[PDB]
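For reference, the structure discussed in these notes is given below.
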Amino acid sequence: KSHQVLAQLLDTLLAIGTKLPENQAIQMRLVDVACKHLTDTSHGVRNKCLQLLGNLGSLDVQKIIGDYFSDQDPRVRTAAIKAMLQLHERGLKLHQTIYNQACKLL
Amino acid sequence: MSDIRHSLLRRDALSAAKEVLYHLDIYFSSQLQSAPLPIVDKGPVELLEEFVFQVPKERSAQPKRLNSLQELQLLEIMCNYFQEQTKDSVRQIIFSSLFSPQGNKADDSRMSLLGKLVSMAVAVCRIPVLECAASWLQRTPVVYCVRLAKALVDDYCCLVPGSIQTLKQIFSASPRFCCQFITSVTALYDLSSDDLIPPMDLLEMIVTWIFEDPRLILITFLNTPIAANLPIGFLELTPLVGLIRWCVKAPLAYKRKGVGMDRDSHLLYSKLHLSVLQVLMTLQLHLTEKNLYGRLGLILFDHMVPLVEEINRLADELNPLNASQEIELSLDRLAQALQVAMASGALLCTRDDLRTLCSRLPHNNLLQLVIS
Amino acid sequence: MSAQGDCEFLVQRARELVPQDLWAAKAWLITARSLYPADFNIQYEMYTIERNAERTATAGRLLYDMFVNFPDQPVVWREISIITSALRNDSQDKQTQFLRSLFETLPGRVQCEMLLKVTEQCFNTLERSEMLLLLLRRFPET
């Protein structure tokens with residue numbers, strides 16, 4: 122229930138996922154549950170969910200992360216942009232549609 | 001008619017062609033119902049020559065107006081009239097002189113004008129002209145019709161970049177013309193020059209034909225029985241064996257005697291040959307239970323023998339080392355086409371006709387296995 | 001002509017060059033007489049098992065003839081039945097949707113007819129219950 126414990130558990134889940142990157146089904150479960158808790162009112166929970174989506178993700196996820204470029208909390212917006220950047224660094228080819236969304240954030 | 005041609009030639013500013021079309025329609029109103037096939041009437045031939053080729057009934061006569069721009073306007077007006085004439089007589093009279101002989105002193109200029117007018121009419125969506133074009137090769141000379149169709153296709157695609165898609169759209173809308181263009185394509189695919197190798201636009205047109213023109217081929221096959229070595233032109237759109245043999249042997253025959279275009283396009287030529295073979299097999303499957311008749315069996319009419327001879331001519335000089343695979347592929351494709359044609363039940367001989375024809379074919383393991 | 005063994009050898013050779021020479025595949029799989037049905041085991045099935053539009057029609061018409069001649073290919077029906085239970089999730093993901101479509105690409109009636117053989121021999125309680133439910137859903141009065 123609590124937000125600090127939920128965020129810390131999401132951190133733990135991120136650690137477990139990074140410990141097993143070769144495992145695919147585990148990462149799909151992890152991104153699914155990150156998407157599930159992505160609507161929490163706590164900015165920390167959304168930050169950790171976006172970090173999970175950035176470090177772990179099929180390469195849909197860009198749209199899910201892209202939706203949170205309009206989040207009211209600025210640090211959630213930074214977390215979403217960093218998640219997209221980390222997705223790109225992992226090898227994902229981002230869409231041109233991200234350009235207009237990022238242009239508004241400047 | 002010289003007098004009618006002279007009377008209709010006046011007022012070239014969009015009025016001469018209209019008057020000529022009206023006179024031709026009045027003259028051939030009964031002809032539109034009696035026999036509106038792709039034939040050239042000698043009465044309106046002079047009018048067509050005068051109002052389009054700028055040449056009256058006399059070959060050395062004074063041209064209609066100053067020609068060029070006036071001639072172009074007359075051609076446009078005549079095309080508009082023929083497309084909206086709602087009768088095959090006018091379009092046939094205008095265009096049929098291009099390849100079907102008319103026995104006239106000015107028949108060459110009339111033929112050039114008819115070819116230009118037929119190209120315009122095909123581009124102006126004159127369905128009756130394109131539909132009659134299929135019937136043009138049914139009884140008139142096939143070499144001249146193939147040459148005219150090839151010239152029109154080259155003008156549409158080779159000379160005009162990007163207009164090939166419009167030609168493919170017209171062929172889809174006029175499947176009779178698309179089916180009649182298969183013989184012209186086969187004649188123009190002798191692999192004796194760079195233009196003989198189909199381009200990317202030609203490949204797209206071939207794909208469009210395989211998707212749609214096969215229905216026209218089936219309709220034509222249902223219209224009349226599949227004859228073996230018909231008079232001077234059947235236009236059955238079944239030159240699959242010769243086209244496959246030419247395309248597969250293009251990197252071999254072309255290299256033997276341009277060569278680089280066919281040699282570098284080996285993958286593209288193989289893909290086109292495979293698509294043509296698939297289309298032919300689909301057509302044979304469709305025309306298998308249908309009354310496609312026997313006797314002929316495979317659609318060769320001695321063209322398979324000419325293709326085998328052409329392959330064998332180049333199979334002895336420079337082929338055995340440089341392009342043995344191409345010759346083997348051509349022989350295998352011809353034998354596979356013959357076998358698949360016999361798979362439709364038309365060829366009622368497992369090895370009788372094969373011994374009659376395929377015995378003289380070149381040496382190939384796949385072809386020998388398919389034959390036997 | 002009539003050399004059925006030669007026809008089978010030609011079919012095998014075409015299968016060997018199937019990834020490159022697709023024309024011989026069509027010419028051999030559709031070659032009537034001789035060892036035609038004998039060659040319609042991996043040549044026609046390759047088109048039937050393809051992920052393209054061929055599986056929409058070839059599998060629903062050519063595989064039925066093979067099943068009538070020899071009903072020994074129940075793997076497809078079992079795989080479709082297994083995938084059906086797991087296809088109700090990850091709809092947004094492309095891989096799950098692609099797998100579900102590949103499983104269900106065959107006609108429903110043809111799939112039920114093919115799986116009726118497994119249904120009769122469904123010794124497993126779960127398999128028998130699933131088969132009975134599928135039969136009831138396809139035909140309530142069956």
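Chains as they are written, first to last, in the deposited numbering: chain d, 122 to 180, 195 to 241; chain o, 1 to 257, 276 to 390; chain j, 1 to 142. A virtual CB, placed ideally from N, CA and C, is assigned to each residue, including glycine.
Take residue i as the anchor and find which of the options has the nearest alpha-carbon.
i	options	result
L240 (chain o)	o:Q302, o:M200, o:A253, o:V277	o:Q302
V358 (chain o)	o:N309, o:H304, o:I94	o:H304
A136 (chain d)	d:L151, d:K198, d:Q125	d:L151
residue 183 (chain d)	d:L177, d:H223, d:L227, d:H164	Because chain d is numbered 180 and then 195 with no intervening positions, residue 183 (chain d) cannot be located in this model.
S109 (chain o)	o:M120, o:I206, o:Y287, o:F95	o:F95
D194 (chain o)	o:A227, o:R281, o:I77	o:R281
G363 (chain o)	o:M322, o:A341, o:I317	o:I317
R15 (chain j)	j:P37, j:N41, j:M131, j:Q111	j:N41
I244 (chain o)	j:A24, j:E45, j:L115	j:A24
residue 261 (chain o)	o:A16, o:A134, o:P225	No atoms of residue 261 (chain o) appear, because in chain o residue 257 is followed directly by 276.
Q221 (chain d)	d:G178, d:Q125, d:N144, d:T133	d:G178
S293 (chain o)	j:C112, j:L22, j:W28	j:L22
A361 (chain o)	j:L17, j:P19, j:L29, j:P140	j:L29
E328 (chain o)	o:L252, o:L222, o:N309	o:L252
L17 (chain j)	o:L347, o:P198, o:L9	o:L347
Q92 (chain j)	d:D153, d:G201, d:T160	d:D153
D213 (chain o)	o:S172, o:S29, o:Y156	o:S172
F177 (chain o)	o:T224, o:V129, o:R10, o:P161	o:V129
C156 (chain d)	d:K198, d:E143, d:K140, d:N144	d:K198
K228 (chain d)	d:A146, d:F204, d:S205, d:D195	d:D195
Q70 (chain o)	o:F53, o:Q83, o:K57, o:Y81	o:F53
Cβ closer than 7 Å: which chain o residues qualify as neighbours of residue i?
i	result
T119 (chain j)	The premise fails here: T119 (chain j) is roughly 34 Å from chain o at the closest Cβ pair, so nothing lies under 7 Å.
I30 (chain j)	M299, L303, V358, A361
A27 (chain j)	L295, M299, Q354, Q357, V358
Drop a sphere of 10 angstroms on the beta-carbon of residue i, count the other beta-carbons inside from all chains shown, and report buried for 16 or more, exposed for fewer.
i	result
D12 (chain o)	buried
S283 (chain o)	buried
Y234 (chain d)	exposed
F70 (chain j)	exposed
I219 (chain o)	exposed
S101 (chain j)	exposed
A353 (chain o)	buried
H291 (chain o)	buried
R210 (chain d)	exposed
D41 (chain o)	buried
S89 (chain o)	buried
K169 (chain d)	buried
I26 (chain o)	exposed
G315 (chain o)	buried
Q111 (chain j)	buried
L136 (chain j)	exposed
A17 (chain o)	buried
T162 (chain d)	exposed
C376 (chain o)	buried
For residue i, which residues in chain d fall below 8 Å Cβ to Cβ?
i	result
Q92 (chain j)	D195
Counting only Cβ pairs nearer than 7 Å, list the residues of chain j close to residue i.
i	result
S390 (chain o)	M1, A3, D6
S123 (chain d)	Those do not exist, as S123 (chain d) stays about 29 Å from chain j at its closest Cβ, beyond 7 Å.
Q343 (chain o)	Within chain j, no residue comes near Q343 (chain o); the closest Cβ sits about 11 Å away, beyond 7 Å.
Listing by chain order, which chain o residues have their CB less than 8 Å from the CB of residue i?
i	result
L22 (chain j)	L292, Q296
For residue i, go through chain j and note every residue whose CB falls closer than 9 Å to its CB, in chain order.
i	result
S205 (chain d)	Near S205 (chain d) there are no residues of chain j at all, since even the closest Cβ is about 20 Å away, more than 9 Å.
Can you name the residues of chain o whose CB is closer than 9 Å to the CB of residue i?
i	result
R13 (chain j)	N383, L384, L387
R88 (chain j)	Result: empty, since nearest Cβ-Cβ is about 37 Å, beyond 9 Å.
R33 (chain j)	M360, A361, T368
Determine whether the Cβ of residue i lies closer than 8 Å to any Cβ atom of chain A.
i	result
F9 (chain j)	Among the protein chains in the structure shown, which are d, o and j, there is no chain A.
For residue i, go through chain j and note every residue whose CB falls closer than 8 Å to its CB, in chain order.
i	result
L372 (chain o)	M1
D213 (chain o)	Those do not exist, as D213 (chain o) stays about 18 Å from chain j at its closest Cβ, beyond 8 Å.
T140 (chain o)	Correct list: empty, because the minimum Cβ distance to chain j is about 34 Å.
Report whether the distance from the Cβ of residue i to the nearest heavy atom of the ligand MN is below 7 Å.
i	result
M322 (chain o)	You won't find the ligand MN in this model; it holds no ligand whatsoever.
Under 7 Å, CB to CB, which of the residues in the stretch 134-163 of chain d have a partner in chain j? none
Under 7 Å, CB to CB, which of the residues in the stretch 44-65 of chain j have a partner in chain o? none
Residues from the stretch 228-256 of chain o in contact with chain j, defined by Cβ distance under 7 Å: none
Interface positions of the stretch 86-106 of chain o facing chain j (Cβ-Cβ less than 7 Å), listed along the chain: none
Contact set between the stretch 11-33 of chain o and chain j, restricted to residues whose Cβ is under 8 Å from the partner: none
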